[PDB]
Structure formats: C-alpha cells, structure tokens
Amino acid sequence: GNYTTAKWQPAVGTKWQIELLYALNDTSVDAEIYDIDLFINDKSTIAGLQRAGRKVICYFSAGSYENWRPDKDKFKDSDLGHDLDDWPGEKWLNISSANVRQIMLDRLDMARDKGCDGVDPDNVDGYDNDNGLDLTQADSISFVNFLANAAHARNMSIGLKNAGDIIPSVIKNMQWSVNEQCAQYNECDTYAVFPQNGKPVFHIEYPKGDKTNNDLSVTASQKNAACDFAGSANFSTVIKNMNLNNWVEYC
C-alpha cells in the first residue's frame, strides 16, 4: 500500500477544542483533543495537556505564507503567489517547490520535538482559490501525501483540512478531517466518508459571521443549523468565533 501508518487513530466522535489566535491560556474546556498553534505554544503547554490525559494536535499553515512566523525569511520570492482573500498578510505557496517542502519538513521536526501528537496542516486547497500559481488538485494530492508520510515518520498523526475534492486520493494517509462550515454550505455528506472509515471529522461552524467575535452564545436556530444534519452524531462539532480564540459552544 502506498500510504504509511499512524499509531494514534482518534475515535469517531471525540470531543475537541481548537484555539489558534493566541498562546493557549485556558484548558477548562473538557475536551479530549486540543488543536493549537505550533509556533506560539511551548513544550510545557503541550506536555501539560497530555499530563491531563489529552491529545494535542499542532496547527500550522502548509499552503500559505504567514508574514509573522520566525521562519518566514526562508521562503523565496518565487515560492509566493497571490494574497489569500480573507487572511491579512498571507500568500499562497508553491507547494511543489522543494524549498517550500523543506521548510515544512522543518516545521514537522519542530512539532515532533515539541511533543505534538498530530499536526493540522492548513491551506492545502490552493487549487480551489485564486492562487496565482496554477496550482492543481494533483499538486495538493502530492503535497498532502508528502506531509503525511513525513508526519508518520516522525510518529505523528495528520488529517486533511477541507479540500473535499481530493479525499479519495489522500484518505488512506489521513487520521481525520478538519472541516469548516460544511453544515452552513450543506456539504457535510462530502466529509461523512471519514467516519464511514472509522475516522473523526473535527468540524467547525462560524454562525456569527466573518467579522464578529465575542463570548456570547449563538441563537437556537444558528445552533440547530450548525449541529443538525445527516450523520452529525459522527461529527465532532465546535461552534467558534471566526478568529478561533478560546470561546467555544458545543452541540
């Protein structure tokens, strides 16, 4: 088989929390899995989660350039394409570039060294966007399988972020899906194939819109929309602000 194996396969339906805006400073949410930023959290934060019985997924952006990272000057001018429409100071990456791929290997080394149980590589759906680099589905498939073989070789699990079109070509290498907004877009059937193969969907809904972040609950009908869809009992849903700060509501 042209995939590699992972030792940690989280169960379908495992409750999770994700917080990417700042260093994690709240573990009061009783979730089994925490998805947090790879760079801004130290080994101590990660080990503390695991000592409390939790698994830690480390987020990083595999397909976009973030101009505030400490390794940003490793990227060459030719690695960078167009701006991401909805994220400031981010640009699409040429994920076929050997330089880009080596930078990502360096980020997986760091995730391994910090004790991450898994990695959550973002922005592998450049083909679905104005990337300015002629990126294609095959490029993403090649890149996602490259990341998965590299994470597995470092004893970490991995999952697919959105990128619904390429599921059949990477799923054997994936331990889960991270999906945004499939309920709002009536697309959760696309991602149900993961729990049909014993793999969770870590599923995010943003009912408050892309410009509103606060600590208030959503309305009952916004919660029904985020939570009620065929097979939702197999999705691990969080309701979040668009900025992915601490605030979270569960179904």
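Residue indices: 1-based, along the sequence shown.
Here the stretch with the larger average CA B-factor, out of 79-87 and 129-137, is 79-87. On average the C-alpha atoms of 229-237 have higher B-factors than those of the other stretch, with 13-21 and 229-237 being the two compared.
Sorting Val29, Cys58, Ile204, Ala62 by the CA temperature factor given in the entry leaves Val29 at the top. The residue among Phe194, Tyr185, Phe39, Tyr34 whose C-alpha carries the highest B-factor in the deposited model is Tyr185. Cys251 sits in the highest third of its chain by CA B factor, as recorded in the PDB entry. Compared with the other modelled residues of the chain, the Cα B-factor recorded for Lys74 ranks in the highest third.
When the modelled residues of the chain are ordered by C-alpha B-factor, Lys172 sits in the middle third. When the modelled residues of the chain are ordered by their C-alpha B factor, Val100 lands in the lowest third. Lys114: CA B factor in the highest third of modelled residues in this chain (values from the PDB entry).
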